[PDB]
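Here is the structure we will look at, set down as structure tokens.
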Amino acid sequence: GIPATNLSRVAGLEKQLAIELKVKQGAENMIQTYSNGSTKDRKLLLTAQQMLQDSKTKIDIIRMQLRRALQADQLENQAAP
Amino acid sequence: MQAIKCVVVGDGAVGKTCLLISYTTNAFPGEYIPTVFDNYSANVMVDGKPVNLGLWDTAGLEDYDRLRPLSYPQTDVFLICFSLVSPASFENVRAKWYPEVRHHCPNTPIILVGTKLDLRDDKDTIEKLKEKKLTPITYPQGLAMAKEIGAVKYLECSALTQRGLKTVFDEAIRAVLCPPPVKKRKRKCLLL
Ligand SMILES: Nc1nc2c(ncn2[C@@H]2O[C@H](COP(=O)(O)OP(=O)(O)CP(=O)(O)O)[C@@H](O)[C@H]2O)c(=O)[nH]1
Ligand SMILES: [Mg+2]
């Protein structure tokens, strides 16, 4: 695994999370676009909702794991699961 | 206002956003920043009839598999972008893009684009291709490709010189008006 460069892993999750942020924020923007009134087709608004939900889960796991990284970073006695 | 959904895609490394921006700004400012947004329409003149154009370019990101262009499915017509000076790009466009569209058989028209024309008609550059044993594509070569894949129309253009950018969009629009229509709707489930 990683020796003392545990800081690298943490930043990696920050990056991954941020990437997903663009994904989540992207879908939401599209949602607000079709949310107002009825333009083009409703199918577009639906796709934005589903893709957005998927991203929500993405951030949820990445976010929690990130917290796990900093947690295990402080403690040096407790072993990993 | 005739609003048509056209999505620009290409197996190449880049050239997806530059193609659309060149026609809307007459000059690509550059920018290497990835693509996330979508809202981007432009007015086009076809036969003297104002037409609303929907510009949607997909970024070269795999993670955005889910956040893929929502327009793509509804896209009245998608443009096939490849490098003319490189036969390989032409070899793979029909190789991967064709088997996918046929799997659904939407009967949706398909236009062909020959981006990067500035280096396609460049003697010195062409000479460089020889170094790699590659040769640029000619007009009749692509024309034949349109017949096999049943493409509605095939043309070549440049974003730097603007050979026939307007022609691409102009013809792409007709792709839905004259040839068979589009309109494709299908839900996955009641709840998400
Ligand atoms: N001369 C010339 N250069 C072109 C042409 N098309 C693309 N390019 C060059 O390639 C670049 C491609 O830009 P762009 O299409 O925005 O990149 P992209 O693929 O969208 C970036 P990403 O895939 O990460 O979203 C242009 O900025 C330009 O330098 C063309 O027709 N002619
Ligand atoms: Mg782009």
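FYI, nothing fancy with the structure tokens labels: chains A, B, ... in order, residues from 1 per chain, ligands from 1 as they appear.
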List as a tab-separated table every residue of chain B that is in contact with ligand 1, defined as an atom at most 9 Å from one of its atoms (using only C-alpha atoms and all ligand atoms), together with the nearest atom pair and the distance in Å rounded to one decimal, sorted by chain and then rising number.
residue	atom	partner	partner_atom_place_in_ligand_line	distance
B:9	CA	ligand 1	19 (O)	8.8
B:10	CA	ligand 1	19 (O)	8.2
B:12	CA	ligand 1	19 (O)	7.7
B:13	CA	ligand 1	19 (O)	6.0
B:14	CA	ligand 1	19 (O)	3.0
B:15	CA	ligand 1	15 (O)	2.8
B:16	CA	ligand 1	15 (O)	3.6
B:17	CA	ligand 1	16 (O)	3.6
B:18	CA	ligand 1	15 (O)	3.8
B:19	CA	ligand 1	6 (N)	5.5
B:20	CA	ligand 1	15 (O)	8.0
B:21	CA	ligand 1	16 (O)	7.8
B:22	CA	ligand 1	31 (O)	8.4
B:28	CA	ligand 1	27 (O)	6.3
B:29	CA	ligand 1	27 (O)	7.4
B:30	CA	ligand 1	27 (O)	4.6
B:31	CA	ligand 1	27 (O)	6.9
B:32	CA	ligand 1	21 (C)	5.9
B:33	CA	ligand 1	24 (O)	6.6
B:34	CA	ligand 1	24 (O)	4.4
B:35	CA	ligand 1	25 (O)	4.8
B:36	CA	ligand 1	25 (O)	8.3
B:57	CA	ligand 1	20 (O)	6.9
B:58	CA	ligand 1	25 (O)	6.2
B:59	CA	ligand 1	25 (O)	3.4
B:60	CA	ligand 1	23 (O)	3.8
B:61	CA	ligand 1	24 (O)	7.0
B:114	CA	ligand 1	31 (O)	7.8
B:115	CA	ligand 1	31 (O)	4.2
B:116	CA	ligand 1	31 (O)	3.3
B:117	CA	ligand 1	31 (O)	5.8
B:118	CA	ligand 1	1 (N)	5.2
B:119	CA	ligand 1	1 (N)	6.7
B:157	CA	ligand 1	31 (O)	6.4
B:158	CA	ligand 1	31 (O)	3.6
B:159	CA	ligand 1	31 (O)	3.7
B:160	CA	ligand 1	1 (N)	4.2
B:161	CA	ligand 1	1 (N)	6.9
B:162	CA	ligand 1	31 (O)	7.5
B:163	CA	ligand 1	31 (O)	8.7
B:165	CA	ligand 1	31 (O)	8.7
Neighbour list for residue 68 (chain A) as a PDB file with N, CA, C and O atoms, in the first residue's frame, cut-off 12 Å, only C-alpha atoms, skip fewer than 4 positions in-chain:
ATOM      1  N   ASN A   6       0.721   8.956   2.732  1.00  0.00           N
ATOM      2  CA  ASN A   6      -0.720   8.771   2.853  1.00  0.00           C
ATOM      3  C   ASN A   6      -1.466  10.020   2.395  1.00  0.00           C
ATOM      4  O   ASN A   6      -2.654   9.966   2.078  1.00  0.00           O
ATOM      5  N   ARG A   9      -2.967   9.773  -1.210  1.00  0.00           N
ATOM      6  CA  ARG A   9      -4.248   9.085  -1.336  1.00  0.00           C
ATOM      7  C   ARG A   9      -5.402  10.033  -1.022  1.00  0.00           C
ATOM      8  O   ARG A   9      -6.408  10.064  -1.734  1.00  0.00           O
ATOM      9  N   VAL A  10      -5.248  10.807   0.047  1.00  0.00           N
ATOM     10  CA  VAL A  10      -6.274  11.756   0.462  1.00  0.00           C
ATOM     11  C   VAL A  10      -6.605  12.736  -0.659  1.00  0.00           C
ATOM     12  O   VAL A  10      -7.772  12.935  -0.998  1.00  0.00           O
ATOM     13  N   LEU A  13      -8.694  11.410  -3.486  1.00  0.00           N
ATOM     14  CA  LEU A  13     -10.127  11.346  -3.245  1.00  0.00           C
ATOM     15  C   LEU A  13     -10.745  12.722  -3.404  1.00  0.00           C
ATOM     16  O   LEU A  13     -11.898  12.855  -3.807  1.00  0.00           O
ATOM     17  N   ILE A  61     -20.140   8.012  -1.600  1.00  0.00           N
ATOM     18  CA  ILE A  61     -19.112   7.028  -1.261  1.00  0.00           C
ATOM     19  C   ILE A  61     -17.727   7.657  -1.218  1.00  0.00           C
ATOM     20  O   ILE A  61     -16.964   7.442  -0.280  1.00  0.00           O
ATOM     21  N   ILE A  62     -17.408   8.438  -2.237  1.00  0.00           N
ATOM     22  CA  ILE A  62     -16.109   9.095  -2.317  1.00  0.00           C
ATOM     23  C   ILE A  62     -15.886  10.028  -1.126  1.00  0.00           C
ATOM     24  O   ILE A  62     -14.784  10.106  -0.584  1.00  0.00           O
ATOM     25  N   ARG A  63     -16.940  10.732  -0.731  1.00  0.00           N
ATOM     26  CA  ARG A  63     -16.872  11.668   0.383  1.00  0.00           C
ATOM     27  C   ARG A  63     -16.607  10.952   1.706  1.00  0.00           C
ATOM     28  O   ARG A  63     -15.738  11.359   2.478  1.00  0.00           O
ATOM     29  N   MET A  64     -17.357   9.883   1.963  1.00  0.00           N
ATOM     30  CA  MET A  64     -17.203   9.131   3.204  1.00  0.00           C
ATOM     31  C   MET A  64     -15.823   8.486   3.285  1.00  0.00           C
ATOM     32  O   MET A  64     -15.180   8.519   4.333  1.00  0.00           O
ATOM     33  N   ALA A  72      -7.706   7.509   9.373  1.00  0.00           N
ATOM     34  CA  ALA A  72      -6.635   6.534   9.491  1.00  0.00           C
ATOM     35  C   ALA A  72      -5.271   7.209   9.415  1.00  0.00           C
ATOM     36  O   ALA A  72      -4.252   6.613   9.765  1.00  0.00           O
ATOM     37  N   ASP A  73      -5.261   8.453   8.954  1.00  0.00           N
ATOM     38  CA  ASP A  73      -4.021   9.213   8.838  1.00  0.00           C
ATOM     39  C   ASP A  73      -3.530   9.642  10.216  1.00  0.00           C
ATOM     40  O   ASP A  73      -2.336   9.575  10.510  1.00  0.00           O
ATOM     41  N   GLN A  74      -4.461  10.081  11.057  1.00  0.00           N
ATOM     42  CA  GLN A  74      -4.130  10.511  12.412  1.00  0.00           C
ATOM     43  C   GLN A  74      -3.702   9.316  13.257  1.00  0.00           C
ATOM     44  O   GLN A  74      -2.610   9.300  13.826  1.00  0.00           O
ATOM     45  N   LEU A  75      -4.577   8.318  13.331  1.00  0.00           N
ATOM     46  CA  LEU A  75      -4.306   7.107  14.097  1.00  0.00           C
ATOM     47  C   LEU A  75      -3.258   6.246  13.394  1.00  0.00           C
ATOM     48  O   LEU A  75      -3.334   6.024  12.186  1.00  0.00           O
ATOM     49  N   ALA A  80      -6.399  -1.557   9.850  1.00  0.00           N
ATOM     50  CA  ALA A  80      -7.472  -1.400   8.876  1.00  0.00           C
ATOM     51  C   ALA A  80      -8.348  -2.651   8.818  1.00  0.00           C
ATOM     52  O   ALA A  80      -7.876  -3.757   9.088  1.00  0.00           O
ATOM     53  N   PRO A  81      -9.639  -2.497   8.466  1.00  0.00           N
ATOM     54  CA  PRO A  81     -10.575  -3.626   8.377  1.00  0.00           C
ATOM     55  C   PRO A  81     -10.086  -4.708   7.419  1.00  0.00           C
ATOM     56  O   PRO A  81      -9.469  -5.685   7.895  1.00  0.00           O
TER      57      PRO A  81
END
**Study point:** Contact residues around residue 14 (chain A) with only C-alpha atoms at 12 Å, ignoring same-chain residues under 4 positions, as number ranges by chain
**Key:** A: 7-10, 18-21, 59, 62-67, 69-70
Exercise for review: Tell me the residues of chain A close to chain B, meaning within 8 Å using only C-alpha atoms, as a VMD selection string.
Suggested key: chain A and resid 22 to 23 26 to 27 29 to 30 43 to 44 47 to 52 54
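Coordinates place CA of residue 88 (chain B) at a distance of 24.6 Å from CA of residue 6 (chain B).
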**Study point:** Nearby residues (only C-alpha atoms) at most 10 Å from region 128-142 of chain B, same-chain spacing under 5 positions excluded, as number ranges by chain
**Key:** B: 83-88, 90, 112-114, 119-123, 147, 153-156
Step one, run DSSP on the backbone; step two, keep only residues of chain B assigned to alpha helix (DSSP H); then write them as a PDB file with N, CA and C atoms, in the first residue's frame.
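As written to disk, states.pdb reads:
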ATOM      1  N   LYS B  16     -13.785  18.402 -31.415  1.00  0.00           N
ATOM      2  CA  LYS B  16     -15.229  18.345 -31.216  1.00  0.00           C
ATOM      3  C   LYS B  16     -15.841  19.723 -30.941  1.00  0.00           C
ATOM      4  N   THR B  17     -15.255  20.476 -30.007  1.00  0.00           N
ATOM      5  CA  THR B  17     -15.780  21.798 -29.665  1.00  0.00           C
ATOM      6  C   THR B  17     -15.330  22.871 -30.657  1.00  0.00           C
ATOM      7  N   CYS B  18     -14.110  22.735 -31.165  1.00  0.00           N
ATOM      8  CA  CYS B  18     -13.561  23.702 -32.113  1.00  0.00           C
ATOM      9  C   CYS B  18     -14.420  23.815 -33.370  1.00  0.00           C
ATOM     10  N   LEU B  19     -14.973  22.692 -33.812  1.00  0.00           N
ATOM     11  CA  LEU B  19     -15.805  22.668 -35.010  1.00  0.00           C
ATOM     12  C   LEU B  19     -17.042  23.548 -34.838  1.00  0.00           C
ATOM     13  N   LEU B  20     -17.730  23.385 -33.711  1.00  0.00           N
ATOM     14  CA  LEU B  20     -18.939  24.156 -33.429  1.00  0.00           C
ATOM     15  C   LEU B  20     -18.633  25.636 -33.182  1.00  0.00           C
ATOM     16  N   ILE B  21     -17.604  25.904 -32.384  1.00  0.00           N
ATOM     17  CA  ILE B  21     -17.226  27.276 -32.047  1.00  0.00           C
ATOM     18  C   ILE B  21     -16.769  28.068 -33.269  1.00  0.00           C
ATOM     19  N   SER B  22     -16.086  27.409 -34.195  1.00  0.00           N
ATOM     20  CA  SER B  22     -15.595  28.080 -35.393  1.00  0.00           C
ATOM     21  C   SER B  22     -16.734  28.677 -36.211  1.00  0.00           C
ATOM     22  N   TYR B  23     -17.852  27.968 -36.285  1.00  0.00           N
ATOM     23  CA  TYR B  23     -18.996  28.437 -37.050  1.00  0.00           C
ATOM     24  C   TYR B  23     -19.809  29.485 -36.286  1.00  0.00           C
ATOM     25  N   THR B  24     -19.763  29.431 -34.959  1.00  0.00           N
ATOM     26  CA  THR B  24     -20.526  30.366 -34.136  1.00  0.00           C
ATOM     27  C   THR B  24     -19.733  31.626 -33.784  1.00  0.00           C
ATOM     28  N   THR B  25     -18.406  31.531 -33.795  1.00  0.00           N
ATOM     29  CA  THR B  25     -17.564  32.674 -33.454  1.00  0.00           C
ATOM     30  C   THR B  25     -16.663  33.079 -34.612  1.00  0.00           C
ATOM     31  N   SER B  71     -28.720  15.265 -25.170  1.00  0.00           N
ATOM     32  CA  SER B  71     -29.196  15.529 -26.522  1.00  0.00           C
ATOM     33  C   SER B  71     -28.899  14.360 -27.456  1.00  0.00           C
ATOM     34  N   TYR B  72     -27.741  13.727 -27.265  1.00  0.00           N
ATOM     35  CA  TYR B  72     -27.308  12.604 -28.096  1.00  0.00           C
ATOM     36  C   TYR B  72     -28.473  11.707 -28.553  1.00  0.00           C
ATOM     37  N   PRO B  73     -29.275  11.141 -27.624  1.00  0.00           N
ATOM     38  CA  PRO B  73     -30.399  10.266 -27.991  1.00  0.00           C
ATOM     39  C   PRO B  73     -31.401  10.943 -28.927  1.00  0.00           C
ATOM     40  N   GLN B  74     -31.820  12.151 -28.561  1.00  0.00           N
ATOM     41  CA  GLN B  74     -32.791  12.911 -29.346  1.00  0.00           C
ATOM     42  C   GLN B  74     -32.181  13.481 -30.625  1.00  0.00           C
ATOM     43  N   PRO B  87      -5.804   7.995 -42.896  1.00  0.00           N
ATOM     44  CA  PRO B  87      -6.779   6.974 -43.298  1.00  0.00           C
ATOM     45  C   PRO B  87      -7.292   6.147 -42.123  1.00  0.00           C
ATOM     46  N   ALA B  88      -6.505   6.086 -41.053  1.00  0.00           N
ATOM     47  CA  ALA B  88      -6.884   5.315 -39.872  1.00  0.00           C
ATOM     48  C   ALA B  88      -8.167   5.843 -39.242  1.00  0.00           C
ATOM     49  N   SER B  89      -8.269   7.163 -39.107  1.00  0.00           N
ATOM     50  CA  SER B  89      -9.459   7.770 -38.523  1.00  0.00           C
ATOM     51  C   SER B  89     -10.687   7.380 -39.335  1.00  0.00           C
ATOM     52  N   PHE B  90     -10.504   7.339 -40.646  1.00  0.00           N
ATOM     53  CA  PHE B  90     -11.567   6.981 -41.574  1.00  0.00           C
ATOM     54  C   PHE B  90     -11.863   5.490 -41.479  1.00  0.00           C
ATOM     55  N   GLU B  91     -10.823   4.724 -41.174  1.00  0.00           N
ATOM     56  CA  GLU B  91     -10.930   3.277 -41.054  1.00  0.00           C
ATOM     57  C   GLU B  91     -11.726   2.855 -39.820  1.00  0.00           C
ATOM     58  N   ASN B  92     -11.642   3.648 -38.756  1.00  0.00           N
ATOM     59  CA  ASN B  92     -12.328   3.314 -37.507  1.00  0.00           C
ATOM     60  C   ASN B  92     -13.708   3.960 -37.375  1.00  0.00           C
ATOM     61  N   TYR B  98     -20.592   2.867 -36.939  1.00  0.00           N
ATOM     62  CA  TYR B  98     -21.627   2.241 -37.759  1.00  0.00           C
ATOM     63  C   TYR B  98     -22.337   1.079 -37.046  1.00  0.00           C
ATOM     64  N   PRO B  99     -21.593   0.130 -36.434  1.00  0.00           N
ATOM     65  CA  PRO B  99     -22.194  -1.020 -35.740  1.00  0.00           C
ATOM     66  C   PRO B  99     -23.113  -0.618 -34.586  1.00  0.00           C
ATOM     67  N   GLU B 100     -22.853   0.543 -33.999  1.00  0.00           N
ATOM     68  CA  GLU B 100     -23.638   1.026 -32.864  1.00  0.00           C
ATOM     69  C   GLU B 100     -25.007   1.550 -33.293  1.00  0.00           C
ATOM     70  N   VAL B 101     -25.024   2.416 -34.301  1.00  0.00           N
ATOM     71  CA  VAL B 101     -26.271   2.997 -34.788  1.00  0.00           C
ATOM     72  C   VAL B 101     -27.184   1.930 -35.384  1.00  0.00           C
ATOM     73  N   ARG B 102     -26.587   0.971 -36.082  1.00  0.00           N
ATOM     74  CA  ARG B 102     -27.347  -0.106 -36.715  1.00  0.00           C
ATOM     75  C   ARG B 102     -27.973  -1.042 -35.682  1.00  0.00           C
ATOM     76  N   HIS B 103     -27.360  -1.133 -34.504  1.00  0.00           N
ATOM     77  CA  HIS B 103     -27.869  -2.006 -33.447  1.00  0.00           C
ATOM     78  C   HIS B 103     -29.267  -1.579 -33.022  1.00  0.00           C
ATOM     79  N   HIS B 104     -29.507  -0.275 -33.054  1.00  0.00           N
ATOM     80  CA  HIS B 104     -30.802   0.275 -32.686  1.00  0.00           C
ATOM     81  C   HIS B 104     -31.681   0.419 -33.921  1.00  0.00           C
ATOM     82  N   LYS B 123       0.679  20.597 -48.880  1.00  0.00           N
ATOM     83  CA  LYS B 123       1.713  19.801 -49.529  1.00  0.00           C
ATOM     84  C   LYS B 123       2.753  19.295 -48.537  1.00  0.00           C
ATOM     85  N   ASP B 124       3.375  20.228 -47.828  1.00  0.00           N
ATOM     86  CA  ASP B 124       4.411  19.892 -46.853  1.00  0.00           C
ATOM     87  C   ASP B 124       3.901  18.903 -45.808  1.00  0.00           C
ATOM     88  N   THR B 125       2.703  19.144 -45.282  1.00  0.00           N
ATOM     89  CA  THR B 125       2.122  18.243 -44.293  1.00  0.00           C
ATOM     90  C   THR B 125       1.884  16.878 -44.914  1.00  0.00           C
ATOM     91  N   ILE B 126       1.369  16.879 -46.138  1.00  0.00           N
ATOM     92  CA  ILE B 126       1.110  15.641 -46.849  1.00  0.00           C
ATOM     93  C   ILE B 126       2.413  14.870 -47.006  1.00  0.00           C
ATOM     94  N   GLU B 127       3.488  15.612 -47.248  1.00  0.00           N
ATOM     95  CA  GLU B 127       4.810  15.026 -47.386  1.00  0.00           C
ATOM     96  C   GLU B 127       5.212  14.350 -46.082  1.00  0.00           C
ATOM     97  N   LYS B 128       4.791  14.945 -44.967  1.00  0.00           N
ATOM     98  CA  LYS B 128       5.095  14.409 -43.651  1.00  0.00           C
ATOM     99  C   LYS B 128       4.366  13.092 -43.421  1.00  0.00           C
ATOM    100  N   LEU B 129       3.147  12.992 -43.941  1.00  0.00           N
ATOM    101  CA  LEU B 129       2.359  11.777 -43.794  1.00  0.00           C
ATOM    102  C   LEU B 129       3.078  10.603 -44.440  1.00  0.00           C
ATOM    103  N   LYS B 130       3.761  10.883 -45.544  1.00  0.00           N
ATOM    104  CA  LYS B 130       4.515   9.868 -46.260  1.00  0.00           C
ATOM    105  C   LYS B 130       5.540   9.229 -45.334  1.00  0.00           C
ATOM    106  N   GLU B 131       6.052  10.031 -44.404  1.00  0.00           N
ATOM    107  CA  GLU B 131       7.047   9.566 -43.450  1.00  0.00           C
ATOM    108  C   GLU B 131       6.459   8.483 -42.558  1.00  0.00           C
ATOM    109  N   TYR B 139     -12.110  13.259 -52.059  1.00  0.00           N
ATOM    110  CA  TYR B 139     -13.557  13.461 -52.034  1.00  0.00           C
ATOM    111  C   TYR B 139     -14.331  12.192 -52.420  1.00  0.00           C
ATOM    112  N   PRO B 140     -13.986  11.529 -53.544  1.00  0.00           N
ATOM    113  CA  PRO B 140     -14.684  10.311 -53.975  1.00  0.00           C
ATOM    114  C   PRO B 140     -14.537   9.159 -52.985  1.00  0.00           C
ATOM    115  N   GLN B 141     -13.464   9.178 -52.197  1.00  0.00           N
ATOM    116  CA  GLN B 141     -13.226   8.123 -51.217  1.00  0.00           C
ATOM    117  C   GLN B 141     -14.288   8.164 -50.129  1.00  0.00           C
ATOM    118  N   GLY B 142     -14.573   9.368 -49.643  1.00  0.00           N
ATOM    119  CA  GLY B 142     -15.589   9.534 -48.626  1.00  0.00           C
ATOM    120  C   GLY B 142     -16.978   9.419 -49.207  1.00  0.00           C
ATOM    121  N   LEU B 143     -17.139   9.916 -50.431  1.00  0.00           N
ATOM    122  CA  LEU B 143     -18.423   9.858 -51.115  1.00  0.00           C
ATOM    123  C   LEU B 143     -18.933   8.421 -51.149  1.00  0.00           C
ATOM    124  N   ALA B 144     -18.026   7.491 -51.437  1.00  0.00           N
ATOM    125  CA  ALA B 144     -18.369   6.075 -51.492  1.00  0.00           C
ATOM    126  C   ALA B 144     -18.778   5.567 -50.114  1.00  0.00           C
ATOM    127  N   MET B 145     -18.115   6.083 -49.085  1.00  0.00           N
ATOM    128  CA  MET B 145     -18.404   5.696 -47.711  1.00  0.00           C
ATOM    129  C   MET B 145     -19.842   6.047 -47.340  1.00  0.00           C
ATOM    130  N   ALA B 146     -20.319   7.173 -47.849  1.00  0.00           N
ATOM    131  CA  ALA B 146     -21.679   7.618 -47.569  1.00  0.00           C
ATOM    132  C   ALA B 146     -22.711   6.635 -48.118  1.00  0.00           C
ATOM    133  N   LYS B 147     -22.382   5.991 -49.231  1.00  0.00           N
ATOM    134  CA  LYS B 147     -23.288   5.036 -49.863  1.00  0.00           C
ATOM    135  C   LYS B 147     -23.452   3.750 -49.055  1.00  0.00           C
ATOM    136  N   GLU B 148     -22.349   3.244 -48.532  1.00  0.00           N
ATOM    137  CA  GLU B 148     -22.365   1.997 -47.764  1.00  0.00           C
ATOM    138  C   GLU B 148     -23.058   2.153 -46.415  1.00  0.00           C
ATOM    139  N   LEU B 165     -17.807  25.118 -43.314  1.00  0.00           N
ATOM    140  CA  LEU B 165     -18.424  24.831 -42.022  1.00  0.00           C
ATOM    141  C   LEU B 165     -19.937  25.011 -42.095  1.00  0.00           C
ATOM    142  N   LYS B 166     -20.362  26.161 -42.614  1.00  0.00           N
ATOM    143  CA  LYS B 166     -21.778  26.474 -42.748  1.00  0.00           C
ATOM    144  C   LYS B 166     -22.491  25.405 -43.564  1.00  0.00           C
ATOM    145  N   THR B 167     -21.777  24.838 -44.528  1.00  0.00           N
ATOM    146  CA  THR B 167     -22.326  23.799 -45.384  1.00  0.00           C
ATOM    147  C   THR B 167     -22.654  22.550 -44.574  1.00  0.00           C
ATOM    148  N   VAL B 168     -21.805  22.243 -43.595  1.00  0.00           N
ATOM    149  CA  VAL B 168     -22.013  21.067 -42.754  1.00  0.00           C
ATOM    150  C   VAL B 168     -23.340  21.157 -42.014  1.00  0.00           C
ATOM    151  N   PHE B 169     -23.518  22.254 -41.291  1.00  0.00           N
ATOM    152  CA  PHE B 169     -24.735  22.491 -40.526  1.00  0.00           C
ATOM    153  C   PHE B 169     -25.937  22.669 -41.446  1.00  0.00           C
ATOM    154  N   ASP B 170     -25.728  23.387 -42.543  1.00  0.00           N
ATOM    155  CA  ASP B 170     -26.787  23.641 -43.513  1.00  0.00           C
ATOM    156  C   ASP B 170     -27.353  22.331 -44.053  1.00  0.00           C
ATOM    157  N   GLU B 171     -26.461  21.420 -44.426  1.00  0.00           N
ATOM    158  CA  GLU B 171     -26.859  20.122 -44.962  1.00  0.00           C
ATOM    159  C   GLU B 171     -27.393  19.209 -43.863  1.00  0.00           C
ATOM    160  N   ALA B 172     -26.815  19.329 -42.674  1.00  0.00           N
ATOM    161  CA  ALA B 172     -27.224  18.517 -41.534  1.00  0.00           C
ATOM    162  C   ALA B 172     -28.680  18.776 -41.183  1.00  0.00           C
ATOM    163  N   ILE B 173     -29.080  20.037 -41.255  1.00  0.00           N
ATOM    164  CA  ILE B 173     -30.453  20.419 -40.966  1.00  0.00           C
ATOM    165  C   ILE B 173     -31.400  19.740 -41.944  1.00  0.00           C
ATOM    166  N   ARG B 174     -31.054  19.809 -43.228  1.00  0.00           N
ATOM    167  CA  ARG B 174     -31.861  19.197 -44.274  1.00  0.00           C
ATOM    168  C   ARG B 174     -31.995  17.700 -44.030  1.00  0.00           C
ATOM    169  N   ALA B 175     -30.966  17.121 -43.419  1.00  0.00           N
ATOM    170  CA  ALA B 175     -30.940  15.690 -43.127  1.00  0.00           C
ATOM    171  C   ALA B 175     -32.221  15.220 -42.438  1.00  0.00           C
ATOM    172  N   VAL B 176     -32.874  16.107 -41.697  1.00  0.00           N
ATOM    173  CA  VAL B 176     -34.113  15.742 -41.018  1.00  0.00           C
ATOM    174  C   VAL B 176     -35.341  16.194 -41.815  1.00  0.00           C
ATOM    175  N   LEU B 177     -35.241  17.354 -42.468  1.00  0.00           N
ATOM    176  CA  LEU B 177     -36.362  17.889 -43.253  1.00  0.00           C
ATOM    177  C   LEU B 177     -36.679  17.025 -44.470  1.00  0.00           C
TER     178      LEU B 177
END
